[PDB]
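Below are two forms of the same protein chain, given as structure tokens: structure 1, then structure 2.
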Structure 1
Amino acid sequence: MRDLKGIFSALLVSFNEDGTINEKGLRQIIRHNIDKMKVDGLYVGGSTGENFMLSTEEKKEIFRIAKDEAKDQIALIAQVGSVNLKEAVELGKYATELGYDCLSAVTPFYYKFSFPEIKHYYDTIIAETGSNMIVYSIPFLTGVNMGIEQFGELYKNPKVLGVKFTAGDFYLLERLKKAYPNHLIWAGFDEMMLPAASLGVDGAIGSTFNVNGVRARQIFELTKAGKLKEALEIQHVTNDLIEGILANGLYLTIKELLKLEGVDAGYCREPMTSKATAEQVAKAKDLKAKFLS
């Protein structure tokens, strides 16, 4: 398996006005990430790709398009989690067949699952596909002791590589890197990249890398080298941009920024607001002028 460390953009998907996938636009998003953002890889089918609002067939179409466009140019991780474990296995088999470098899967949601149920979910996707797996932060933890024990149980299956860490708990992060040093951690909070990199995370998966990949790489590399003053200056500008994106509407703003760079990033998928308002477009133009020009 290919090196999975580094900067991964969580791939946004271009949709048409009617909610269908715009394949031409999706390929332009992929090309922008590989050629201009210079990412180490793409994280396909995650939250950022508006994955959970789509059919199984649409998810397969996006996996097809991303692998065909990226080829072997960069590493590709396929997020295949679902509340439906049979769907997660089907998507995991498909992504495996397409050649994805590894799978990832959100914790099953909508119902409250016990830890044994979550571990069985991951072990089943791994056993049925034969692919390695990146897990997600374990929900509803009451303590770090329990958190480390549970990662330790997930981490009994040798095909579990590590975790996409979204919890805002740097104590737990430090504990996990100490207890399981050979397992990888990818930061899942772009606005907290510096402190995560200071604790030795192995990479980052993020939605804002679709437009801010240059600064994201700089923060990560400078931090690993101990150049914290400069890394913080770049995190400050990055977070001014991220604060504006969050206030204006996360996926719509990143798509509107991509449109200003000549990428046909399209609409969002309903039930999310599909069309950016004039105000949202106006704010996206201002953010591009201030931070990406």
Structure 2
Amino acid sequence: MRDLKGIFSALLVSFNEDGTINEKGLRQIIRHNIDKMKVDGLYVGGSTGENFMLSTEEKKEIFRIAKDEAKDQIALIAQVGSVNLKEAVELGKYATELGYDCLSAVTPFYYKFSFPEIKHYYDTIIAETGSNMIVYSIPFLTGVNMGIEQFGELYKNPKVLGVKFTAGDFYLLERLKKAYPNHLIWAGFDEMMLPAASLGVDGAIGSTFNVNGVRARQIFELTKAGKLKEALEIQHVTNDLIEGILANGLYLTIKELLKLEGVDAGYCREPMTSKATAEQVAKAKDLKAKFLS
């Protein structure tokens, strides 16, 4: 089984002004991550990919392009989760047939599902696809907060490999490491990569790695090497850039910094604001000069 540890960018997608996928740009974002950011893999179709604003056919298109462009150069995880479990199975099977290395699914959201319902959800996607599974936990958007005993129940299925922890509860993260030492953890908060790596997370899945991939690998590797002082300096610089990106508008600022690298990262998909304002373009240029030149 292809190794899933390390540094994975959460793949941003380039959209045309009309909301349709810009394939040429998306291939450029992919090439930049693989060739310039030097990531170990791509995490395709997650919240960062503007996934939940798209139809099933568009989701399939993005998975088709990403796999054809990356080929076997890097590891690929397919995020196929959704409120629609039939859609999730459908998408899981499609990515599996394409050769994705592993599936991932957000906890079903909107409705307040019970834990058994969440569990059936994960077990079904695995049983209908035959693929391995990474629980995608992002409580800030889902409102789903699972405790240590519930992760143990999910882990009864041997195809559940671990969790993409897009949450800042570092006690729970240590508890997960203690209770399930053979299960993987990927940090989801780029601006807290140092403290997550201090507790032994196995990798990181991040939206800022599309542009800050060099620094993110250094933080990860220096921290695992016991060079905390060195990692902290690079996490400080990284956070000045992340703070700017958050203040200027996460999605649009990453796409604008990508455009400054010559990648046609396009526009955001509506209902997200699709076009950067003047001021937003100005700020991106400034972040570029200060932190990525």
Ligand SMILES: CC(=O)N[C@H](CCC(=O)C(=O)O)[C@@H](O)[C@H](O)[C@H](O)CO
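For numbering, take structure 1's sequence and count from 1. Shifts are known only where both forms have a C-alpha. Just so we're on the same page, rigid core means the largest C-alpha set that superposes within 1.5 Å between forms.
K.L.:
So which is the form solved without this ligand here, 1 or 2?
P.N.:
The form solved without this ligand is the one given as structure 2; the other form is structure 1.
K.L.:
Give the option from 158, 116, 143, 181 whose C-alpha shifts by 2 Å or more between structures 1 and 2; the alignment is on the rigid core.
P.N.:
By this measure, the answer is 143.
K.L.:
Give the C-alpha shift of residue 168 between structures 1 and 2, in Å, after superposing the two forms on their rigid core.
P.N.:
A shift of 1.2 Å at the C-alpha.
K.L.:
Any chance you could measure the C-alpha shift of residue 236 between structures 1 and 2 with the core superposed, in Å?
P.N.:
C-alpha displacement of residue 236 between structures 1 and 2: 0.1 Å.
K.L.:
For residues shared by both forms, which stretches of 3 or more shift their Cα by 2 Å or more between structures 1 and 2, once the core is superposed?
P.N.:
Shifted segment: only 136 to 146.
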